[PDB]
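Peer 1: Hey, dropping entry.pdb in here, PDB, N, CA and C atoms:
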```pdb
ATOM      1  N   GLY A   1       9.678 -11.496 -36.354
ATOM      2  CA  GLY A   1       9.932 -12.925 -36.358
ATOM      3  C   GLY A   1       9.987 -13.509 -34.961
ATOM      4  N   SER A   2       9.146 -14.507 -34.704
ATOM      5  CA  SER A   2       9.098 -15.148 -33.396
ATOM      6  C   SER A   2       9.352 -16.648 -33.517
ATOM      7  N   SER A   3      10.300 -17.014 -34.375
ATOM      8  CA  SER A   3      10.638 -18.417 -34.587
ATOM      9  C   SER A   3      12.151 -18.612 -34.620
ATOM     10  N   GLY A   4      12.623 -19.647 -33.932
ATOM     11  CA  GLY A   4      14.046 -19.927 -33.895
ATOM     12  C   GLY A   4      14.708 -19.399 -32.637
ATOM     13  N   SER A   5      15.384 -20.284 -31.911
ATOM     14  CA  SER A   5      16.061 -19.902 -30.676
ATOM     15  C   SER A   5      17.566 -19.790 -30.893
ATOM     16  N   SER A   6      18.001 -18.643 -31.405
ATOM     17  CA  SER A   6      19.417 -18.410 -31.664
ATOM     18  C   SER A   6      20.080 -17.715 -30.479
ATOM     19  N   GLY A   7      20.368 -18.486 -29.435
ATOM     20  CA  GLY A   7      20.999 -17.928 -28.253
ATOM     21  C   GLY A   7      20.307 -18.351 -26.972
ATOM     22  N   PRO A   8      20.647 -17.678 -25.863
ATOM     23  CA  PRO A   8      20.066 -17.972 -24.549
ATOM     24  C   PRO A   8      18.598 -17.568 -24.463
ATOM     25  N   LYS A   9      17.960 -17.907 -23.347
ATOM     26  CA  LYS A   9      16.555 -17.579 -23.138
ATOM     27  C   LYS A   9      16.409 -16.406 -22.174
ATOM     28  N   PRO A  10      15.304 -15.658 -22.314
ATOM     29  CA  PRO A  10      15.019 -14.499 -21.462
ATOM     30  C   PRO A  10      14.685 -14.900 -20.030
ATOM     31  N   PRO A  11      15.048 -14.035 -19.072
ATOM     32  CA  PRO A  11      14.795 -14.277 -17.649
ATOM     33  C   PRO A  11      13.312 -14.192 -17.301
ATOM     34  N   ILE A  12      12.904 -14.942 -16.283
ATOM     35  CA  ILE A  12      11.512 -14.949 -15.849
ATOM     36  C   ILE A  12      11.374 -14.396 -14.435
ATOM     37  N   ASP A  13      10.136 -14.281 -13.969
ATOM     38  CA  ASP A  13       9.866 -13.769 -12.631
ATOM     39  C   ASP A  13      10.354 -12.330 -12.491
ATOM     40  N   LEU A  14      10.168 -11.542 -13.544
ATOM     41  CA  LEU A  14      10.590 -10.146 -13.540
ATOM     42  C   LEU A  14       9.659  -9.298 -12.680
ATOM     43  N   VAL A  15      10.080  -9.030 -11.448
ATOM     44  CA  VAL A  15       9.285  -8.227 -10.527
ATOM     45  C   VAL A  15      10.175  -7.365  -9.639
ATOM     46  N   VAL A  16       9.654  -6.216  -9.223
ATOM     47  CA  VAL A  16      10.401  -5.301  -8.368
ATOM     48  C   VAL A  16       9.906  -5.367  -6.927
ATOM     49  N   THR A  17      10.844  -5.422  -5.987
ATOM     50  CA  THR A  17      10.504  -5.489  -4.572
ATOM     51  C   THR A  17      10.589  -4.113  -3.920
ATOM     52  N   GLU A  18      11.656  -3.382  -4.229
ATOM     53  CA  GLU A  18      11.855  -2.049  -3.673
ATOM     54  C   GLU A  18      11.876  -0.996  -4.777
ATOM     55  N   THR A  19      11.382   0.197  -4.460
ATOM     56  CA  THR A  19      11.343   1.289  -5.423
ATOM     57  C   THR A  19      11.693   2.618  -4.763
ATOM     58  N   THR A  20      12.852   3.164  -5.119
ATOM     59  CA  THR A  20      13.302   4.432  -4.561
ATOM     60  C   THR A  20      12.969   5.592  -5.492
ATOM     61  N   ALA A  21      13.022   6.807  -4.957
ATOM     62  CA  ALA A  21      12.727   8.000  -5.742
ATOM     63  C   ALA A  21      13.727   8.169  -6.881
ATOM     64  N   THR A  22      14.962   7.736  -6.647
ATOM     65  CA  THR A  22      16.012   7.840  -7.653
ATOM     66  C   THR A  22      16.668   6.487  -7.905
ATOM     67  N   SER A  23      15.948   5.417  -7.586
ATOM     68  CA  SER A  23      16.462   4.066  -7.775
ATOM     69  C   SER A  23      15.331   3.043  -7.737
ATOM     70  N   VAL A  24      15.631   1.821  -8.164
ATOM     71  CA  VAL A  24      14.641   0.751  -8.178
ATOM     72  C   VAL A  24      15.305  -0.615  -8.049
ATOM     73  N   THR A  25      14.627  -1.535  -7.370
ATOM     74  CA  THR A  25      15.151  -2.880  -7.174
ATOM     75  C   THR A  25      14.355  -3.903  -7.977
ATOM     76  N   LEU A  26      14.997  -4.487  -8.984
ATOM     77  CA  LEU A  26      14.349  -5.483  -9.829
ATOM     78  C   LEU A  26      14.916  -6.874  -9.563
ATOM     79  N   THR A  27      14.046  -7.879  -9.599
ATOM     80  CA  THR A  27      14.459  -9.256  -9.363
ATOM     81  C   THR A  27      13.952 -10.179 -10.465
ATOM     82  N   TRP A  28      14.605 -11.325 -10.618
ATOM     83  CA  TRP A  28      14.218 -12.295 -11.636
ATOM     84  C   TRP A  28      14.988 -13.600 -11.465
ATOM     85  N   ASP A  29      14.618 -14.607 -12.248
ATOM     86  CA  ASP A  29      15.276 -15.907 -12.185
ATOM     87  C   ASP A  29      16.094 -16.165 -13.445
ATOM     88  N   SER A  30      17.117 -17.004 -13.320
ATOM     89  CA  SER A  30      17.980 -17.332 -14.449
ATOM     90  C   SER A  30      17.153 -17.663 -15.687
ATOM     91  N   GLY A  31      16.145 -18.512 -15.509
ATOM     92  CA  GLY A  31      15.293 -18.898 -16.619
ATOM     93  C   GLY A  31      15.928 -19.959 -17.496
ATOM     94  N   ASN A  32      17.168 -19.719 -17.908
ATOM     95  CA  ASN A  32      17.887 -20.662 -18.758
ATOM     96  C   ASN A  32      18.742 -21.607 -17.920
ATOM     97  N   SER A  33      18.726 -22.887 -18.280
ATOM     98  CA  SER A  33      19.497 -23.894 -17.560
ATOM     99  C   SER A  33      20.976 -23.807 -17.923
ATOM    100  N   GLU A  34      21.252 -23.515 -19.190
ATOM    101  CA  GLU A  34      22.627 -23.404 -19.667
ATOM    102  C   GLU A  34      23.348 -22.248 -18.980
ATOM    103  N   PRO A  35      24.658 -22.422 -18.751
ATOM    104  CA  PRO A  35      25.489 -21.406 -18.100
ATOM    105  C   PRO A  35      25.707 -20.182 -18.984
ATOM    106  N   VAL A  36      25.150 -19.049 -18.567
ATOM    107  CA  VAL A  36      25.285 -17.809 -19.321
ATOM    108  C   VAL A  36      26.391 -16.933 -18.744
ATOM    109  N   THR A  37      26.906 -16.023 -19.566
ATOM    110  CA  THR A  37      27.970 -15.123 -19.137
ATOM    111  C   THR A  37      27.440 -14.060 -18.182
ATOM    112  N   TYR A  38      26.632 -13.147 -18.709
ATOM    113  CA  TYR A  38      26.059 -12.076 -17.903
ATOM    114  C   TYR A  38      24.649 -11.733 -18.374
ATOM    115  N   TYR A  39      24.014 -10.795 -17.683
ATOM    116  CA  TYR A  39      22.660 -10.375 -18.028
ATOM    117  C   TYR A  39      22.580  -8.859 -18.173
ATOM    118  N   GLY A  40      22.167  -8.404 -19.352
ATOM    119  CA  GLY A  40      22.053  -6.979 -19.598
ATOM    120  C   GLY A  40      20.711  -6.421 -19.168
ATOM    121  N   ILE A  41      20.653  -5.109 -18.969
ATOM    122  CA  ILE A  41      19.419  -4.454 -18.554
ATOM    123  C   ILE A  41      19.151  -3.206 -19.389
ATOM    124  N   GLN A  42      17.885  -2.995 -19.737
ATOM    125  CA  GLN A  42      17.496  -1.838 -20.534
ATOM    126  C   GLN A  42      16.284  -1.140 -19.925
ATOM    127  N   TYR A  43      16.312   0.188 -19.920
ATOM    128  CA  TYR A  43      15.217   0.973 -19.366
ATOM    129  C   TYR A  43      15.260   2.409 -19.881
ATOM    130  N   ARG A  44      14.113   3.079 -19.845
ATOM    131  CA  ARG A  44      14.017   4.457 -20.308
ATOM    132  C   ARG A  44      12.664   5.061 -19.946
ATOM    133  N   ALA A  45      12.632   6.381 -19.794
ATOM    134  CA  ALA A  45      11.401   7.081 -19.450
ATOM    135  C   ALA A  45      10.202   6.469 -20.167
ATOM    136  N   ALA A  46       9.317   5.840 -19.401
ATOM    137  CA  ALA A  46       8.128   5.214 -19.964
ATOM    138  C   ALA A  46       7.417   6.155 -20.931
ATOM    139  N   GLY A  47       7.355   5.757 -22.199
ATOM    140  CA  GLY A  47       6.703   6.578 -23.203
ATOM    141  C   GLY A  47       7.457   6.594 -24.518
ATOM    142  N   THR A  48       8.602   7.269 -24.533
ATOM    143  CA  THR A  48       9.418   7.362 -25.736
ATOM    144  C   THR A  48       9.534   6.009 -26.429
ATOM    145  N   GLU A  49       9.518   6.025 -27.758
ATOM    146  CA  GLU A  49       9.622   4.797 -28.537
ATOM    147  C   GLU A  49      11.001   4.676 -29.179
ATOM    148  N   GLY A  50      12.026   5.104 -28.451
ATOM    149  CA  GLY A  50      13.382   5.035 -28.966
ATOM    150  C   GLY A  50      14.226   4.007 -28.239
ATOM    151  N   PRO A  51      15.556   4.165 -28.318
ATOM    152  CA  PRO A  51      16.501   3.252 -27.670
ATOM    153  C   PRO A  51      16.479   3.376 -26.150
ATOM    154  N   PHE A  52      16.523   2.237 -25.468
ATOM    155  CA  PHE A  52      16.506   2.219 -24.009
ATOM    156  C   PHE A  52      17.914   2.027 -23.452
ATOM    157  N   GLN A  53      18.163   2.607 -22.282
ATOM    158  CA  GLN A  53      19.470   2.500 -21.642
ATOM    159  C   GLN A  53      20.029   1.088 -21.777
ATOM    160  N   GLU A  54      21.336   0.953 -21.578
ATOM    161  CA  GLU A  54      21.994  -0.344 -21.678
ATOM    162  C   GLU A  54      23.002  -0.532 -20.549
ATOM    163  N   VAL A  55      22.880  -1.645 -19.832
ATOM    164  CA  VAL A  55      23.780  -1.945 -18.725
ATOM    165  C   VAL A  55      24.300  -3.376 -18.812
ATOM    166  N   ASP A  56      25.619  -3.519 -18.851
ATOM    167  CA  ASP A  56      26.243  -4.835 -18.933
ATOM    168  C   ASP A  56      27.187  -5.062 -17.755
ATOM    169  N   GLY A  57      27.202  -6.290 -17.245
ATOM    170  CA  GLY A  57      28.061  -6.615 -16.122
ATOM    171  C   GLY A  57      27.277  -7.035 -14.895
ATOM    172  N   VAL A  58      26.205  -7.792 -15.109
ATOM    173  CA  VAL A  58      25.367  -8.260 -14.012
ATOM    174  C   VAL A  58      25.373  -9.782 -13.927
ATOM    175  N   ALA A  59      26.332 -10.324 -13.184
ATOM    176  CA  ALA A  59      26.448 -11.767 -13.018
ATOM    177  C   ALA A  59      25.552 -12.264 -11.888
ATOM    178  N   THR A  60      24.516 -11.491 -11.577
ATOM    179  CA  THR A  60      23.585 -11.851 -10.514
ATOM    180  C   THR A  60      22.144 -11.800 -11.006
ATOM    181  N   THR A  61      21.239 -12.393 -10.234
ATOM    182  CA  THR A  61      19.826 -12.417 -10.591
ATOM    183  C   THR A  61      19.115 -11.158 -10.106
ATOM    184  N   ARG A  62      19.726 -10.473  -9.145
ATOM    185  CA  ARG A  62      19.150  -9.251  -8.594
ATOM    186  C   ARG A  62      20.013  -8.041  -8.936
ATOM    187  N   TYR A  63      19.365  -6.953  -9.336
ATOM    188  CA  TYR A  63      20.073  -5.730  -9.697
ATOM    189  C   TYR A  63      19.203  -4.502  -9.445
ATOM    190  N   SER A  64      19.832  -3.419  -9.002
ATOM    191  CA  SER A  64      19.116  -2.180  -8.719
ATOM    192  C   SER A  64      19.507  -1.089  -9.711
ATOM    193  N   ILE A  65      18.506  -0.412 -10.262
ATOM    194  CA  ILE A  65      18.744   0.657 -11.224
ATOM    195  C   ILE A  65      18.758   2.019 -10.539
ATOM    196  N   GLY A  66      19.688   2.875 -10.954
ATOM    197  CA  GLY A  66      19.789   4.200 -10.372
ATOM    198  C   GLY A  66      19.939   5.284 -11.420
ATOM    199  N   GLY A  67      19.865   6.539 -10.987
ATOM    200  CA  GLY A  67      19.995   7.652 -11.910
ATOM    201  C   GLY A  67      18.674   8.029 -12.551
ATOM    202  N   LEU A  68      17.582   7.796 -11.833
ATOM    203  CA  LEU A  68      16.251   8.114 -12.340
ATOM    204  C   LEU A  68      15.669   9.325 -11.619
ATOM    205  N   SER A  69      14.499   9.768 -12.067
ATOM    206  CA  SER A  69      13.836  10.919 -11.465
ATOM    207  C   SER A  69      12.730  10.475 -10.513
ATOM    208  N   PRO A  70      12.488  11.282  -9.470
ATOM    209  CA  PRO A  70      11.457  10.993  -8.468
ATOM    210  C   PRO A  70      10.047  11.133  -9.030
ATOM    211  N   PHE A  71       9.155  10.245  -8.603
ATOM    212  CA  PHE A  71       7.771  10.270  -9.064
ATOM    213  C   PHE A  71       7.703  10.170 -10.586
ATOM    214  N   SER A  72       8.404   9.186 -11.140
ATOM    215  CA  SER A  72       8.427   8.984 -12.584
ATOM    216  C   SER A  72       8.198   7.515 -12.930
ATOM    217  N   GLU A  73       7.868   7.256 -14.191
ATOM    218  CA  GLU A  73       7.621   5.894 -14.651
ATOM    219  C   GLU A  73       8.703   5.445 -15.628
ATOM    220  N   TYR A  74       9.213   4.235 -15.422
ATOM    221  CA  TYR A  74      10.256   3.688 -16.281
ATOM    222  C   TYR A  74      10.040   2.196 -16.517
ATOM    223  N   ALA A  75      10.373   1.740 -17.720
ATOM    224  CA  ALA A  75      10.219   0.335 -18.074
ATOM    225  C   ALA A  75      11.538  -0.416 -17.927
ATOM    226  N   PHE A  76      11.475  -1.600 -17.327
ATOM    227  CA  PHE A  76      12.665  -2.418 -17.122
ATOM    228  C   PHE A  76      12.561  -3.732 -17.891
ATOM    229  N   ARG A  77      13.705  -4.242 -18.338
ATOM    230  CA  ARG A  77      13.743  -5.492 -19.088
ATOM    231  C   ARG A  77      15.133  -6.117 -19.031
ATOM    232  N   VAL A  78      15.218  -7.307 -18.445
ATOM    233  CA  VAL A  78      16.489  -8.013 -18.327
ATOM    234  C   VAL A  78      16.579  -9.154 -19.333
ATOM    235  N   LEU A  79      17.796  -9.444 -19.782
ATOM    236  CA  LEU A  79      18.020 -10.514 -20.748
ATOM    237  C   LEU A  79      19.377 -11.173 -20.524
ATOM    238  N   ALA A  80      19.502 -12.422 -20.961
ATOM    239  CA  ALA A  80      20.749 -13.162 -20.813
ATOM    240  C   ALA A  80      21.659 -12.951 -22.018
ATOM    241  N   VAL A  81      22.964 -13.065 -21.794
ATOM    242  CA  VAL A  81      23.941 -12.886 -22.862
ATOM    243  C   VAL A  81      25.103 -13.862 -22.713
ATOM    244  N   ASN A  82      25.573 -14.391 -23.838
ATOM    245  CA  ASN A  82      26.682 -15.337 -23.832
ATOM    246  C   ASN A  82      27.610 -15.096 -25.020
ATOM    247  N   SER A  83      28.628 -15.941 -25.150
ATOM    248  CA  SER A  83      29.588 -15.818 -26.241
ATOM    249  C   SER A  83      28.879 -15.806 -27.591
ATOM    250  N   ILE A  84      27.720 -16.452 -27.648
ATOM    251  CA  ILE A  84      26.941 -16.515 -28.880
ATOM    252  C   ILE A  84      26.267 -15.179 -29.172
ATOM    253  N   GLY A  85      25.476 -14.699 -28.217
ATOM    254  CA  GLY A  85      24.787 -13.434 -28.391
ATOM    255  C   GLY A  85      23.734 -13.197 -27.327
ATOM    256  N   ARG A  86      23.211 -11.975 -27.275
ATOM    257  CA  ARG A  86      22.193 -11.621 -26.295
ATOM    258  C   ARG A  86      20.806 -12.031 -26.779
ATOM    259  N   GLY A  87      20.122 -12.844 -25.979
ATOM    260  CA  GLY A  87      18.792 -13.297 -26.343
ATOM    261  C   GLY A  87      17.758 -12.191 -26.259
ATOM    262  N   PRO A  88      16.482 -12.551 -26.458
ATOM    263  CA  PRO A  88      15.372 -11.595 -26.409
ATOM    264  C   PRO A  88      15.110 -11.083 -24.997
ATOM    265  N   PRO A  89      14.517  -9.884 -24.902
ATOM    266  CA  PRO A  89      14.198  -9.258 -23.615
ATOM    267  C   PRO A  89      13.074  -9.982 -22.881
ATOM    268  N   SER A  90      13.096  -9.906 -21.554
ATOM    269  CA  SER A  90      12.080 -10.557 -20.736
ATOM    270  C   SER A  90      10.812  -9.712 -20.670
ATOM    271  N   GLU A  91       9.787 -10.243 -20.009
ATOM    272  CA  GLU A  91       8.518  -9.538 -19.875
ATOM    273  C   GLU A  91       8.738  -8.111 -19.382
ATOM    274  N   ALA A  92       8.765  -7.165 -20.315
ATOM    275  CA  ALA A  92       8.966  -5.762 -19.976
ATOM    276  C   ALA A  92       8.035  -5.331 -18.849
ATOM    277  N   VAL A  93       8.617  -4.810 -17.773
ATOM    278  CA  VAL A  93       7.840  -4.358 -16.626
ATOM    279  C   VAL A  93       7.922  -2.844 -16.468
ATOM    280  N   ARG A  94       6.969  -2.279 -15.733
ATOM    281  CA  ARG A  94       6.933  -0.839 -15.505
ATOM    282  C   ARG A  94       6.765  -0.528 -14.021
ATOM    283  N   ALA A  95       7.737   0.183 -13.457
ATOM    284  CA  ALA A  95       7.696   0.548 -12.047
ATOM    285  C   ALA A  95       7.854   2.054 -11.865
ATOM    286  N   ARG A  96       6.891   2.667 -11.184
ATOM    287  CA  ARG A  96       6.922   4.105 -10.943
ATOM    288  C   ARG A  96       7.702   4.426  -9.671
ATOM    289  N   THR A  97       8.749   5.232  -9.813
ATOM    290  CA  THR A  97       9.578   5.615  -8.677
ATOM    291  C   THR A  97       8.783   6.434  -7.666
ATOM    292  N   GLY A  98       9.236   6.427  -6.417
ATOM    293  CA  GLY A  98       8.555   7.174  -5.376
ATOM    294  C   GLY A  98       8.831   8.663  -5.455
ATOM    295  N   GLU A  99       8.069   9.445  -4.695
ATOM    296  CA  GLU A  99       8.235  10.893  -4.685
ATOM    297  C   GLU A  99       8.914  11.354  -3.399
ATOM    298  N   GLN A 100       9.808  10.521  -2.878
ATOM    299  CA  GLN A 100      10.527  10.842  -1.650
ATOM    300  C   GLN A 100      11.318  12.136  -1.806
ATOM    301  N   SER A 101      12.142  12.198  -2.847
ATOM    302  CA  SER A 101      12.958  13.379  -3.106
ATOM    303  C   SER A 101      12.093  14.633  -3.181
ATOM    304  N   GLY A 102      10.991  14.541  -3.921
ATOM    305  CA  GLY A 102      10.096  15.674  -4.063
ATOM    306  C   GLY A 102      10.818  16.933  -4.501
ATOM    307  N   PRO A 103      11.149  17.009  -5.798
ATOM    308  CA  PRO A 103      11.850  18.161  -6.370
ATOM    309  C   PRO A 103      10.972  19.407  -6.421
ATOM    310  N   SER A 104       9.721  19.228  -6.836
ATOM    311  CA  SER A 104       8.782  20.338  -6.933
ATOM    312  C   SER A 104       7.365  19.881  -6.600
ATOM    313  N   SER A 105       6.448  20.839  -6.505
ATOM    314  CA  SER A 105       5.058  20.537  -6.188
ATOM    315  C   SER A 105       4.115  21.224  -7.171
ATOM    316  N   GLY A 106       3.412  20.423  -7.965
ATOM    317  CA  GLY A 106       2.485  20.971  -8.939
ATOM    318  C   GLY A 106       3.181  21.791 -10.005
TER     319      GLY A 106
END
```
Write out the structure in this file as structure tokens.
Peer 2:
Amino acid sequence: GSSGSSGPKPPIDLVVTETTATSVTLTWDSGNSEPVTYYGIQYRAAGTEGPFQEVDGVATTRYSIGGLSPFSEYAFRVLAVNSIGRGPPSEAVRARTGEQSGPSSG
């Protein structure tokens, strides 16, 4: 169902500026004019079709994700949340972490 706006709107300008071997820097804009409480974030090893991580407590437009593996691909998606409920996810993005750590070779 893609009809009916029951809650806040998803964030826009979803792009990453920095990418660490075990971390990533994602940025975006409020998108919604109305005052929202916080913005949740979801991500997981690019591929699996299951539940993606969940992070709550981001009262900012910029947030960095950590606890990932070096030279790996992960999908990121930020969304707004209020007393009413959490709106739909933003343009799901995919950023491949660097191989700085370099755990193994081949």
Peer 1: Restricting the calculation to all atoms listed in the file, which member of A:84, A:78, A:41, A:36 is positioned closest to residue 12 in chain A?
Peer 2: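 Between A:84, A:78, A:41, A:36, the residue approaching residue 12 in chain A most closely is A:78.
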Peer 1: Residues picked by the PyMOL selection byres (((chain A and resi 98 and name CA) around 10) and name CA) here, as a PyMOL selection string?
Peer 2: chain A and resi 18-24+69-73+95-97+99-102
Peer 1: In Å to one decimal, how far is atom C of residue 91 in chain A from atom C of residue 34 in chain A?
Peer 2: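 The value is 20.3 Å.
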Peer 1: If we count all atoms listed in the file, what is near residue 60 in chain A at a cut-off of 8 Å, once residues fewer than 4 positions away on the same chain are taken out, given as a JSON list (two decimals) with N, CA and C atoms, in the coordinates of the input?
Peer 2:
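And here is the file that came out, out.json:
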```
[["chain", "number", "residue", "atom", "x", "y", "z"],
["A", 28, "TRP", "N", 14.60, -11.32, -10.62],
["A", 28, "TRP", "CA", 14.22, -12.30, -11.64],
["A", 28, "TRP", "C", 14.99, -13.60, -11.46],
["A", 29, "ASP", "N", 14.62, -14.61, -12.25],
["A", 29, "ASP", "CA", 15.28, -15.91, -12.18],
["A", 29, "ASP", "C", 16.09, -16.16, -13.44],
["A", 30, "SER", "N", 17.12, -17.00, -13.32],
["A", 30, "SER", "CA", 17.98, -17.33, -14.45],
["A", 30, "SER", "C", 17.15, -17.66, -15.69],
["A", 37, "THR", "N", 26.91, -16.02, -19.57],
["A", 37, "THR", "CA", 27.97, -15.12, -19.14],
["A", 37, "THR", "C", 27.44, -14.06, -18.18],
["A", 38, "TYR", "N", 26.63, -13.15, -18.71],
["A", 38, "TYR", "CA", 26.06, -12.08, -17.90],
["A", 38, "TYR", "C", 24.65, -11.73, -18.37],
["A", 39, "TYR", "N", 24.01, -10.80, -17.68],
["A", 39, "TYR", "CA", 22.66, -10.38, -18.03],
["A", 39, "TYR", "C", 22.58, -8.86, -18.17]]
```
Peer 1: Could you tell me, as a count of residues only, exactly which residues end up selected when the PyMOL selection byres (((chain A and resi 62 and name CA) around 10) and name CA) is applied to this structure?
Peer 2: 13
